[PDB]
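Novice: Before anything else, here's the structure in question.
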Amino acid sequence: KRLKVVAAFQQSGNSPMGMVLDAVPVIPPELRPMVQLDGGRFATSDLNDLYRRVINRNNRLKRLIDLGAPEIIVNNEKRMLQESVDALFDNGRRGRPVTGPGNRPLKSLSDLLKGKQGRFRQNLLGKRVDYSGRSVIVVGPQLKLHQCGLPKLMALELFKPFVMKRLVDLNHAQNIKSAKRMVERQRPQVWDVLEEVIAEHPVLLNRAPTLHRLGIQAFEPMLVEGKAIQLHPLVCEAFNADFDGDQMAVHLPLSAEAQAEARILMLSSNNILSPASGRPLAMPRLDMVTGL
Amino acid sequence: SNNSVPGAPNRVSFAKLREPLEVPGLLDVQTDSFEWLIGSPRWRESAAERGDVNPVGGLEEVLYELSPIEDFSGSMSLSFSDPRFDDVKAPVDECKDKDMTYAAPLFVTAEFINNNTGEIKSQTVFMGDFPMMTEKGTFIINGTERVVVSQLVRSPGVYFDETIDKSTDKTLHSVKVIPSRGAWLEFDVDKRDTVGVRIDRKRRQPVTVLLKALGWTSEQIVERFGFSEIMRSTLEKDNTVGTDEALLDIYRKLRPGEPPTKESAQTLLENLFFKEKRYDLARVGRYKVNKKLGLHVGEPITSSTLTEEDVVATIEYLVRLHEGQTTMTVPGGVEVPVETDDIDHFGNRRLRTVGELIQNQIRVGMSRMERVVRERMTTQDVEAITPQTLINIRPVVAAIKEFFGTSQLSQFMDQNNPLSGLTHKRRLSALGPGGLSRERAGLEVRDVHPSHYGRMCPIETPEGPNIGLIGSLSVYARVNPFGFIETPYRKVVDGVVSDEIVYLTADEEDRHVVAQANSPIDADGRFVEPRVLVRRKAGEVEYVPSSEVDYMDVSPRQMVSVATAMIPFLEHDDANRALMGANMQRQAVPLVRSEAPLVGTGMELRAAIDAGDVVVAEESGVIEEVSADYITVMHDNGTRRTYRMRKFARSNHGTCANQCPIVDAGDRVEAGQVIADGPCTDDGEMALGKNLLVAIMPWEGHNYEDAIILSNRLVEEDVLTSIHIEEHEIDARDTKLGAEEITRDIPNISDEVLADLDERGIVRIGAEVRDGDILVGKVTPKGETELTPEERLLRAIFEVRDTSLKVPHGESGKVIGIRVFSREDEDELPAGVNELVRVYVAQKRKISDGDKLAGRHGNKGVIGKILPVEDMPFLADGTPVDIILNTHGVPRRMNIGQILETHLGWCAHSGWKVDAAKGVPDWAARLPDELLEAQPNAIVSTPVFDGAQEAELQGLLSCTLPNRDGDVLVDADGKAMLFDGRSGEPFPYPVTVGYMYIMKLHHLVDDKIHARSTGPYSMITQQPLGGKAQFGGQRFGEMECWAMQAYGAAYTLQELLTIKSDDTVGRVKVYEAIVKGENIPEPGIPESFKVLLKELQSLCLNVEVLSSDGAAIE
Amino acid sequence: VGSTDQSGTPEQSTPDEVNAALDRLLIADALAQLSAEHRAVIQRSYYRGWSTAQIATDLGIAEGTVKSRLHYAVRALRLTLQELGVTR
Amino acid sequence: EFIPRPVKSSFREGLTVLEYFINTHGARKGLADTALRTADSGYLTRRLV
Amino acid sequence: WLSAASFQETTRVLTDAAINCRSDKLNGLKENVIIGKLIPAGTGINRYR
Amino acid sequence: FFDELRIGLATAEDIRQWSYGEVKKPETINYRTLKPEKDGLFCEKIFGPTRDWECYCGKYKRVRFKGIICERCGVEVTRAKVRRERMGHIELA
RNA sequence: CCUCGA
DNA sequence: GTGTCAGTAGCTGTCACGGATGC
DNA sequence: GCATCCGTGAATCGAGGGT
C-alpha cells in the first residue's frame, strides 16, 4: 500500500511537495456572495468567515515575525494558522468543527461537493429545467393510450414563445414584443391560436419516484379545461400512480431531435411491455378486469 | 343524550357505558403551564386545593434560585422578589395588524444590601416586555400567531442500560445520572470486567479514581465493593493511588492545560456535583433518584443536589446488576428491585410544556445578567449604586425574543380549521434542544409504547419522516407539576366499580392492574363476569379474576386523541386508514356555509368549543342587541358584555375565519352557551364537511382507483364552496439614486390597466383583479450606467423602471381590504422604508376538477369529473346522487367504517320507527329508548369503541322511514335501485346508497397547478429557481436522468441539462430561434460545470481540459 | 447577522433575457433597412459608445455630418418601428 | 415474535379497546420500517446503476 | 475519476486522483451527462449520430 | 469538444499563476458605501468591478474604456462576469 | 432547517 | 488605558462496515 | 501482530411559513 502512493509520485513527475502549501487560493466572490437582508442588515457566506479567519491569523504571523515575538507565540500561532487553513478546505475533518453563531458547524469548501447537497449530485447529475410544469392528475377514461390532457393555463405558459411567434405571424399582434403582453394578459385570441401550436407536439410526463424508465412516457397533449392533468387509466401501473392527490410533472421537448425521441422512443403506446419481465403493463388491471 | 352541559343540540348517542368524568379543558396543557409560570390566582387556587405545600410560580422559582447576588467577598448583595405585571401594551387583534409582539411589562422588586454600610435601598425595576399567552393558548410574535409545543424530554434521574457486545458476545451494563442541568456522569463495565466512569463526556476513568478523590481509602473501597471480582480488579489495574493523586488525574483530564492545585480541583469537584451553582436536579429529578436507589423515601424534597451517598449507592446498584443480582438495599435504605430502565416509558420520558420551556429561556437571560451585575458591582461606587445601575435587561429581552423568534418549539400555528389549531396546541414533540436529533431516532423511539395508554394517542401521528416523533395528547390526560402525563382511572374497592377517580402516572399505573373500559358492570358496581380483560405491568394483557382488578378505565375513548375520537365507527378502521382519517381532518377547509354531520361521535361539541374559534358567553344574561358586527349581552345583574364577530379574517393558511351569531335579539342564553360559531362550526359542533348522498359503484372509469365523481349540484348550490384570502405586500424604500415612489403615474402604461387604481396607485376596494394586473404602482429610479446598449439606443431613438406590485400567476379574487403605513405619517417602518401597503385579495373557490376530497376514515380522493345533475345515477324518487365512489378501492384498505357510516347515515337522513308493539325487539334491547324513533335529518352519536353495533345497525335498516310518497327506497341490506341518468335503463343490481360526511381538503388545483417557460435563475449555479411562488421550474433529478439514458434519448438529455437549464448563451439562442421559426441551435457548456472547475481549483487541485492534440484549452 | 449557507436566506436570482432578446431582434431588423452610412454611425455611437468627434475622426467625415446622420438614422429607425407596431 | 394472545375480533365485529392498541404496535412499525425498507432499496439501486 | 467522485467518498476519490495525476477520458454516460455532451449510448453512438 | 480532463496537485507556482493578486487586508466591504475594500476579500483590482465597466475610484464609468487599467484605483474594466472566474490568493508567512 | 402532500 | 475573586454550553437516545491507526 | 476507532455511507419530487 505504501508503494501504491510512492510510485504515483515517481512516474507522474509531480513533486510530493505540493501536499505542503505556501499560498492558498481565494475563491471568486460570486461563489461566496454576500447578500443584503430586508432589515438593512447583512448575511454572508460561511466561506467569507473561513477565509477571513485565515487572513487574520496570517496577518498576525507577519507581525510576530517582524516583532521578534517569543518563539512560543510564533510557534503557537503557526499551529492556529494550520488549524484555520485545515477548516477552509474541510472544516470538521480533524477534531471539533469551527462553530458559527448558534453552535452550528460552518460549511467548508469540501462540504460544497459531498452528498445530496453537494455540487455533483445536486447541480450536475440533475439540473432543474425550463419549459416544465406540474399539476394534480385525474383519470381520463375517454383518452386514448397515446393521449394526455393538460390544462389550458399550463400549456399556455409552456408554449409561451411558440404562441408569441404565431400571434405575430397571423397579425393578431403588431410585433413579437406586444405578442408577449397579450399572453401575459391572457387575451382571448391565444386559446384558438394555442391549438395550432400544440398540434401533435408531444410532451413528457414524469411521476416521482422515477423507479424505472416507464416512469417517464411521452404523450400527445390535449387542451382541457380545468387545472388538472388527465392521465390514461392504463398507464397508472407503470407510474404506480393512484389518484388520491398524486402529482405529475410535464416537460416540453424543444429540439427536433427531442421531439423525435419522445414521439418514437418514449410514446406511451410504444412501451406497453415491462422491460424487466416482458409481461404487459398497459393492460386491464382493476375495474377493467372486473367488467370483463 | 350526548353532551348535556352547555345547551347544545340534542345529539343522541348509541352509548352503552356511562361517562363518570366529563372531558376536561382540552386547552389546559397550554393554560395551566403558563398560569404556573406567572403564578396566576387561578393556578394558585388549583395548587391550593390539590394539597400542594409551598407551590412556586415560574417566575418566582427563577428569582429565588438567583437570589441573592454576592461578589467573592460578600460585602454587597442584591435580591429579587414579587414579580408583577401591568396591563397589556396593546390588544391582541391590534398586534396582528401593526406587526408588533403581544406582551405585558414585567415588574420585580429588587433591593441592594450593603454589608459595609448596613443600609439597603429597595425599589421597583422594570425587567422587560413579557410575551403573554392568548386565551386560546397562543402567542403573537410580530403579528403572527404562534404555538409553543410541549416537548418530550428524557426525565432527570438515574438510568441503567444492559448492552450486548458485538465481538465478545458478553452482556455489558452502563449507568447514566442525567441532571436537570450541569455535567453528565456515566459509569460502565467494559469487556474486561472492570468498572469506570466518564465525567462530562471526557475520558473513561477507573471507577475508583472518583472514590479516591472524595477521600475514601483504598481499603474502605475494598470493604464496600469486595463481593465483586470486577471491582477488585479495578483497584488493582489502577494506575495511581492516593487521595491527592487521582484528584489531580481528574483535573488534567477535565480542564487540561492548567496548573493543577490541590484546592483548585477540590473546589470544582465539589461544585460540579454537590454545589447548587453549576448543578441541580429539579424537585422531580431528586424524587426520581430517591426511588430508584431507595433512599430518602420519606424526606421532603428539599435537596436539589446530588450527594456522595447517592454516588456510592449508585455504584452499588450498578455492580450488583452486572453479576445477576435482582435485589439491593442501600446501607440505611429500603429494599428496591434491580432492573434496567426504558427511557421510552412515559415515567422516564418527561413532558415539559410552555411554562417550563420558557422558564429555561428566562433562566439563561437572568444568568447572563447576573454575571454583568457582579462586574458592575465592583466597578461603581458602593454608595451611589442602585438597582437601576446594576441591572442590564438586555440579555433577558434578547432571550425570550431569541426563543419565540427562533426555536423548533415556537411553531407557526396551524390555522386551516379549528380542529387543526386545537391539535397543534396539544402536540407532543420529541425533537428539539435537549431532546434528540432526527438522525438520532431509531425504529424504537417511534413505535407505540404500552405506557401510552390514556396518555398519548397511538393513532394521530404524521406518516412522513416525522412519524412517531410527534403525538397528540390523549383526551383525559393531564400534566403534573413534575412533567409526567397523568390519566384518570376508576378505583375498584372490592370488585365494585367506584365513582372515585384518581390520576396515575406511568410508573404509578404499572404498580396496579386496570380493567378495560368496556367491562360488564352491575348496576351496583360488581363485575358481571369473574374474568375481565386486564392490563398488567410491562404492557402485559391477560384475563384476571374480578377480585384482582384495582382500577379501571374511565371511558372507552380514553386512549385516543381529540381528532381520533371524532371518527365514527372507529373500532372498524385499521390504524393505517385511521391515521390518515385523523390527520386529514386537520386539513379540512372552512366552507362558505357549514353543516354539522349527521353521524357524529360526541366529541364535535367540546372540540369546537375548547378550540376557541367560536364565541361563548362568559356570564348568563339576555341578548340586548345583536348585529352581524357584534353581539351585546345584558346580564341579570345589570352589566353588559359585547362580543365582536371576526368577519372574513385571513387565517394563517388562507382559510376564511368568519364568525356568525346564532342567537337572536332578546334571546335568553345561559352561561357557557355558544352564541356564535365560526368556521367549520354549526350550533357549536365541528362541521368539517358536508353530508353527501353517496353511491358505491364504478361509473364508466371516471372514479377508477380512488378518483371521485361529483354532482354539479355541489357547484350550483355552493355546497363545497370555500373562501380563501391571500395577503399581498410591498414597501417603498430609499435607493442609492433617490427614493422609490408609489404613484399612479407609471411610464409607458396605458390608461386602461390603470383604470382600477385610485390616485395613489392602489387598487380600489371591490375591484376584481386577474393575474398580472397592477395592485400597487411603484417605480424605482435606475441609473444611466446600468442601461443596455440597445436599451440606450431604444432610449435615444425615442430614469425610472417598473417595480409595480402585480398579481402573481394563479391568483384571482375581489380586493377586500387595504392597509397603508407611511413614515411621513408617524408610521414606524424599518429604517430605510417610507411607505408600506398591504392589499388583501379574497377568492371564492368553487369545487373544481382535481380538488381533493376525503372522509374521516382515510378515504381520500381527487375530483375526476363533475357531471351535470341529470347525468348522475338517481334514486327511485328522482333525487340524483351527489358523489360516486369506486368500489374496488374500498375492501382493500380495511376501512369498513365508511360502510357502517354510509348505512347509519341514511337511517339518520330518513329516520326510523322500531316496532314497539309485541314488545321491544331482541336486537334493540340494548338501545336506549331515545333511538327507537327518529325523525328525518336526525343527529346521532357513535362513540368510539362504543356506539352502534352491527346488530343494531342491521335492525335500523329494516325500519327505515319511508319518503314523502310513502315508498321505502333502500333495502334492509342497505342497497337501493338506481337509474342511469344518461341512458335511462335502471342499473341491473342494487347499489349501496347512503349519506357520508365528506370534507374538502386543503389540496386544491387552484394552488397546486404550475408551469414555467422561462423565469428567474439562481445567480451562482445559473439554474432555474424552484417552487411555484418563485416561478421556478421542475427538477429533472438524478433518477429522471437515468430514465432518459434508459430510453437512449441522448439528445433530450443534453437538451435538458444544457439549453433548457444552465447554458447561458444556449438558452437565449433557443428563445430567439423559437420566435424566429428557425431550428434549435447547438447546446453549449453548462455554466454550472464552469463553477465546478473553479471550485476544485479553490481546493488546490489543478483541473484542466485538454484537446485532442494535448494543449490545454481555456 | 446572516449566512447564505444557513437556511432562511433567499438565494439571488437574475431575470430572463426574453424582453431584451426581443428588442434586440426588432432593432436588428430595423437596422438592416438603413443605409451603410447611417448603420455604421449608430453602431459606433450606441453600440461602441464613442463620442461625436471620435466617430468623425474614424469615418473621415465632418463633425456636423455625424450629428446629422445620427439625427436622421434615429428617426429612420422610429419610422420602421412604428410601422411594425413597436410600443412608444 | 407473535403475541401469545390473538386478535379474536374481526373488523366487522369491532375490535376491543386493547385490541386496537395492540394492533398499532405492528401497524406503526409497519409504516416505520417501510420507510427504512425503501431507503435501503433506493440506495442499492444507485449503486447498481 | 469524475464518474467515481460523483458516486461515493468524494474527498477520498479526489485525493487519489490528484496523487495519481489521473486523466479522465471523457467517454462515459455519467461523465458526459455532467459536462453536457451526448451520452455514448442510444442515439449518441457514432453509428447513428 | 475537448477530450481529456486532467487533474493534479496545484504547485505553489500554479496557485500564484492563477491569482490576480494577493489578499492582504482582512476586511470585506464597507457597510455604508457598499464599496468593497481595496486588497480585501472583494478587491476590485484583484477579482473585478462590482458593476460593468465601473471602477472603484469612479474615473472610468463608460464603455469606451475597454481594457484600461485605471491608474487611481487599479481596477480593470470588463463585465462583472469575471468576478465569477478570477481567483485570488493569500501568500502564507 | 419547522409543518405538510404522493 | 487597562491591573484584589474574577474561568464554554452542550451533550450520546443512529448504525453497519471496512481499514488505517495505534498499544 | 491484533484490537481499537476513525470515516464513509444511509430514496425521489413537491407546498407553504419563521428567523
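Starting from 1 in every chain, residues are counted up; chains themselves are A, B, ... following the order of the C-alpha cells, and ligands are numbered from 1 as listed.
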What lies within 9 Å of residue 3 in chain G using only C-alpha atoms (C1' of nucleotides), ignoring chain neighbours under 4 positions off, as an NGL selection string?

Specialist: (:B and (411-412 or 414)) or (:I and (16-17))

Novice: List every residue of chain D that DSSP, applied to the backbone of this structure, assigns to alpha helix (DSSP H), and report them as a PyMOL selection string.

Specialist: chain D and resi 17-48

Novice: Compile a residue-level contact table for chain B against chain H at a cut-off of 9 Å, reporting for every qualifying residue the shortest atom pair and its distance in Å to one decimal, with only C-alpha atoms (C1' of nucleotides) counted, rows ordered by chain and ascending number, as CSV.

Specialist:
residue,atom,partner,partner_atom,distance
B:71,CA,H:5,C1',7.7
B:72,CA,H:5,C1',5.1
B:73,CA,H:5,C1',7.6
B:154,CA,H:13,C1',8.9
B:183,CA,H:11,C1',8.9
B:184,CA,H:11,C1',8.1
B:200,CA,H:11,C1',8.2
B:201,CA,H:11,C1',7.6
B:343,CA,H:13,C1',8.5
B:375,CA,H:6,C1',8.5
B:434,CA,H:11,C1',8.2
B:435,CA,H:13,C1',8.2
B:436,CA,H:13,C1',6.6
B:437,CA,H:13,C1',8.9
B:439,CA,H:14,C1',6.2
B:440,CA,H:14,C1',4.8
B:441,CA,H:14,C1',6.3
B:442,CA,H:14,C1',6.1
B:445,CA,H:13,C1',8.3

Novice: For the residues selected in the previous step, produce a file with N, CA, C and O atoms as a compact mmCIF listing (two decimals), in the first residue's frame.

Specialist:
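Wrote it out as result.txt, contents follow:
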# COMPACT_ATOMS: atom_id res chain seq x y z
N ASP B 71 -20.66 39.13 45.56
CA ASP B 71 -19.34 39.08 44.94
C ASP B 71 -18.52 38.02 45.67
O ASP B 71 -19.03 37.23 46.46
N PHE B 72 -17.21 37.99 45.41
CA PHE B 72 -16.38 36.98 46.05
C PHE B 72 -16.27 37.25 47.55
O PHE B 72 -16.11 36.30 48.33
N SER B 73 -16.34 38.51 47.96
CA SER B 73 -16.15 38.85 49.36
C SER B 73 -17.43 38.67 50.16
O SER B 73 -17.40 38.17 51.29
N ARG B 154 -36.09 13.49 28.02
CA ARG B 154 -35.67 12.44 28.93
C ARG B 154 -35.66 12.95 30.36
O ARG B 154 -34.98 13.92 30.68
N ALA B 183 -23.14 18.95 34.54
CA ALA B 183 -22.31 17.95 33.87
C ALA B 183 -22.90 16.55 34.00
O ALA B 183 -23.61 16.24 34.95
N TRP B 184 -22.57 15.71 33.02
CA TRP B 184 -23.07 14.35 32.96
C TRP B 184 -22.04 13.38 33.51
O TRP B 184 -20.83 13.64 33.51
N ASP B 200 -18.49 14.02 32.20
CA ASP B 200 -18.77 15.05 31.21
C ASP B 200 -18.16 14.69 29.85
O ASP B 200 -17.37 15.43 29.28
N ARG B 201 -18.54 13.51 29.35
CA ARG B 201 -18.11 13.09 28.02
C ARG B 201 -16.61 12.78 27.97
O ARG B 201 -16.13 12.15 27.02
N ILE B 343 -36.40 4.41 29.32
CA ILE B 343 -36.16 5.73 28.75
C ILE B 343 -37.20 6.06 27.69
O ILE B 343 -37.30 7.20 27.25
N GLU B 375 -20.02 42.16 37.84
CA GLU B 375 -18.95 43.02 37.34
C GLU B 375 -19.28 44.49 37.55
O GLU B 375 -18.40 45.27 37.91
N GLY B 434 -32.00 19.64 23.74
CA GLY B 434 -32.06 18.80 24.91
C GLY B 434 -32.72 17.46 24.69
O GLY B 434 -32.54 16.55 25.51
N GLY B 435 -33.46 17.30 23.60
CA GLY B 435 -34.08 16.04 23.27
C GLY B 435 -33.17 15.20 22.40
O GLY B 435 -32.22 14.59 22.89
N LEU B 436 -33.46 15.16 21.10
CA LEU B 436 -32.68 14.38 20.17
C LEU B 436 -32.78 14.99 18.78
O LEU B 436 -33.66 15.80 18.50
N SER B 437 -31.84 14.60 17.93
CA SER B 437 -31.83 14.95 16.52
C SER B 437 -32.64 13.93 15.72
O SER B 437 -32.77 12.77 16.11
N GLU B 439 -31.83 12.58 12.96
CA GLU B 439 -30.96 11.46 12.63
C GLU B 439 -30.69 10.58 13.83
O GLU B 439 -30.13 9.49 13.66
N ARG B 440 -31.08 11.00 15.03
CA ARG B 440 -30.84 10.19 16.21
C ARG B 440 -32.15 9.68 16.79
O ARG B 440 -32.50 9.97 17.93
N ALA B 441 -32.90 8.91 15.99
CA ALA B 441 -34.19 8.38 16.41
C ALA B 441 -34.41 7.07 15.66
O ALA B 441 -34.80 7.08 14.49
N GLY B 442 -34.17 5.96 16.35
CA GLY B 442 -34.33 4.65 15.75
C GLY B 442 -35.78 4.23 15.65
O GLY B 442 -36.70 4.95 16.00
N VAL B 445 -37.88 4.57 19.14
CA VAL B 445 -38.46 5.76 19.73
C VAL B 445 -39.81 6.07 19.12
O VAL B 445 -40.60 6.81 19.71

Novice: Can I get the residues of chain G within 12 Å of chain A, each with the closest pair of atoms and their distance in Å to one decimal, using only C-alpha atoms (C1' of nucleotides), sorted chain first then ascending number, as CSV?

Specialist:
residue,atom,partner,partner_atom,distance
G:1,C1',A:104,CA,11.6
G:5,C1',A:245,CA,7.6
G:6,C1',A:246,CA,4.7

Novice: DSSP says strand (DSSP E or B) for which residues of range 7-237 of chain A? Put them as JSON, numbers by chain?

Specialist: {"A": [23, 24, 25, 26, 34, 35, 36, 42, 43, 44, 99, 105, 128, 132, 133, 134, 135, 136, 137, 138, 139, 147, 148, 149, 150, 151, 203, 204, 205, 206, 216, 217, 218, 219, 220, 221, 222, 223, 224, 229, 230, 231]}

Novice: Pull C-alpha atoms from the residues just selected and write them as a compact mmCIF listing (two decimals), in the first residue's frame.

Specialist:
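Resulting contents of result.txt:
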# COMPACT_ATOMS: atom_id res chain seq x y z
CA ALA A 23 -0.04 30.00 -0.80
CA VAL A 24 -3.78 29.34 -0.56
CA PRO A 25 -6.13 30.38 -3.40
CA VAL A 26 -9.10 32.68 -2.91
CA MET A 34 -22.71 38.46 0.49
CA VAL A 35 -26.44 39.20 0.35
CA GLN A 36 -28.43 42.00 1.96
CA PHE A 42 -26.24 41.66 6.00
CA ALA A 43 -25.96 37.91 5.51
CA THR A 44 -22.75 36.41 4.15
CA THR A 99 -18.70 26.60 15.23
CA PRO A 105 -20.57 23.86 12.15
CA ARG A 128 -33.72 21.96 -12.76
CA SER A 132 -41.70 22.40 -17.40
CA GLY A 133 -44.68 22.13 -15.11
CA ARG A 134 -46.64 20.02 -12.67
CA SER A 135 -50.24 19.64 -11.53
CA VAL A 136 -52.73 17.25 -9.99
CA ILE A 137 -53.51 14.14 -12.02
CA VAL A 138 -57.02 12.93 -12.81
CA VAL A 139 -58.09 9.79 -14.63
CA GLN A 147 -53.09 10.96 -25.29
CA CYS A 148 -52.87 13.07 -22.15
CA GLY A 149 -54.76 16.13 -21.02
CA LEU A 150 -53.04 19.19 -19.78
CA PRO A 151 -54.81 22.32 -18.53
CA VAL A 203 -44.89 16.16 -24.04
CA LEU A 204 -43.25 14.06 -21.34
CA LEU A 205 -44.96 13.11 -18.09
CA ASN A 206 -42.97 12.15 -15.01
CA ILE A 216 -41.47 8.69 -17.92
CA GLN A 217 -43.58 8.36 -21.06
CA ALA A 218 -44.45 10.70 -23.92
CA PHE A 219 -47.95 11.82 -24.80
CA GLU A 220 -49.82 13.97 -27.28
CA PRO A 221 -51.22 16.89 -25.27
CA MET A 222 -54.94 17.64 -25.44
CA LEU A 223 -56.18 21.05 -24.33
CA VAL A 224 -58.62 20.51 -21.47
CA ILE A 229 -53.64 16.74 -15.86
CA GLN A 230 -55.73 13.99 -17.44
CA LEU A 231 -53.90 10.65 -17.47

Novice: Would you list the contacts of residue 4 in chain D as a ChimeraX atom specification, taking every protein, DNA or RNA residue within 12 Å and counting only C-alpha atoms (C1' of nucleotides), but skipping same-chain residues closer than 5 positions in sequence?

Specialist: /B:540-542
